[PDB]
2 protein chains.
Amino acid sequence: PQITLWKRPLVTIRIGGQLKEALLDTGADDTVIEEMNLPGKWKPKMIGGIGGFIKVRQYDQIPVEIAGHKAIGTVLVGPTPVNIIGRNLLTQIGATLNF
Amino acid sequence: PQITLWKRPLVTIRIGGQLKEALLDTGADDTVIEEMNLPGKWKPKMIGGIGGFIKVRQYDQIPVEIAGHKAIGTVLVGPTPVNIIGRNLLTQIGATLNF
Ligand SMILES: CC[C@H](C)[C@@H]1NC(=O)[C@@H](NC[C@@H](O)[C@H](Cc2ccc(O)cc2)NC(=O)[C@H](C(C)C)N2CCCC2=O)Cc2ccc(cc2)OCCCNC1=O
């Protein structure tokens, strides 16, 4: 799909067998999902953007379906204002910026 | 041009007569530029990132050139680690997300 930026680039994803809305964020190195229960082990981590640092749970090798496209990677779960799909998963589905 | 996401999408921009490196952020509603002495009238504003909010100064109708592409719009100046080009300016240069 070719997505324009007149509106926030939000898409439906499926993670942990659950449907959610996430933002395709080219300015994010990583993927940060709102607090939820994900199968498997996790290691505590700390990330920081504008506004400050937050504590997150790091889940590895998690399957995520973005708009029908499969990806399997690291997902950070924490107190984020929005679900963010970062470059680690965007590269897996072959997403690019064009102008 | 087509930009892959293996690395952060950093490009050269021109603002206030100066050249800077900025991140193309599809997850940013606004454009946030690092602290600089831009002339003109402004208004206080608070924007939120992943870890909280920061105080910024809002400047309107600021001419910004992105990768040789002219644009003009609102720029928020504040204490940011990186210059961020948001959707308000990306739409003007016809940027899209494709996968
Ligand atoms: C500041 C940019 C704009 C203003 C902001 N958008 C972003 O920050 C969006 N993009 C995040 C991106 O700007 C930001 C840029 C950046 C890069 C390196 C740094 O050292 C510091 C900041 N990236 C990150 O915060 C990501 C994080 C999401 C994993 N980080 C942290 C360090 C490395 C990295 O990539 C994400 C978001 C979207 C909506 C949000 C909050 C956050 O709430 C709704 C409110 C609207 N907020 C926004 O539109």
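Whatever order the structure lists ligands and atoms in, that order sets their numbers, starting from 1. Just the heavy atoms: all of them, side chains too, but no hydrogens, waters or symmetry mates, feed the values below. Throughout, protein chains are lettered first and strands after them, A, B, ... in sequence-line order, and every chain is numbered starting at 1.
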In the protein, what heavy atom is nearest to [atom], and what distance, to one decimal place, separates them?
atom                    : result
atom 4 (C) of ligand 1  : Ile47(B) CD1, 4.0 Å
atom 29 (C) of ligand 1 : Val32(A) CG2, 4.0 Å
atom 10 (N) of ligand 1 : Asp25(A) OD2, 2.7 Å
atom 2 (C) of ligand 1  : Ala28(B) CB, 3.8 Å
atom 31 (C) of ligand 1 : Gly48(A) O, 3.2 Å

Proximal ligand 1 atoms for [X], defined as those under 4.0 Å from one of its heavy atoms:
X        : value
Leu23(A) : 38 (C)
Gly49(A) : 21 (C), 25 (O)
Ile84(B) : 13 (O), 15 (C)

In one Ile/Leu/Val/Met/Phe/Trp/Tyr side-chain cluster, 4.5 Å: [X], [Y]:
X        : Y        : answer
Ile62(A) : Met36(A) : yes
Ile13(B) : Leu5(A)  : yes
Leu90(A) : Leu23(B) : no

Between CD1 on residue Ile15(B) and CG on residue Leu89(B), distance to nearest 0.5 Å = 8.5 Å
Ligand 1 versus [X]: contacting region, heavy-atom distance under 4.0 Å:
X        : answer
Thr80(B) : neither
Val82(A) : side chain
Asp29(B) : both
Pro81(A) : side chain

Could you tell me whether some N/O pair between [X] and ligand 1 is separated by less than 3.5 angstrom?
X        : result
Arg8(B)  : no
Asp30(A) : no
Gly27(B) : yes

Side-chain donor-acceptor contacts of residues 68-79 of chain B below 3.5 Å, not counting sequence neighbours, with atom names and distances?
residue, atom, partner, partner atom, Å
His69(B), ND1, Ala67(B), O, 3.4
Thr74(B), OG1, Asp60(B), OD1, 3.0

Can you check whether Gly27(B)'s main-chain N or O pairs, donor with acceptor, with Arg8(A)'s side chain at less than 3.5 Å?
-> no
Please answer whether the main-chain N or O of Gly86(B) pairs with a side-chain N or O of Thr31(B) as donor and acceptor at a distance below 3.5 Å.
-> yes
Residue set satisfying salt bridge (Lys or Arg N to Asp or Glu O under 4.0 Å) with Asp30(B), at least two apart, ordered chain then number -> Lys45(B)
Any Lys/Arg nitrogen of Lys20(B) or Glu34(B) sitting under 4.0 Å from an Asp/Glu carboxylate oxygen of the other?
-> yes
Go through the side-chain N and O atoms of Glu21(A) and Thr12(A) and say whether any donor and acceptor fall under 3.5 Å apart.
-> no
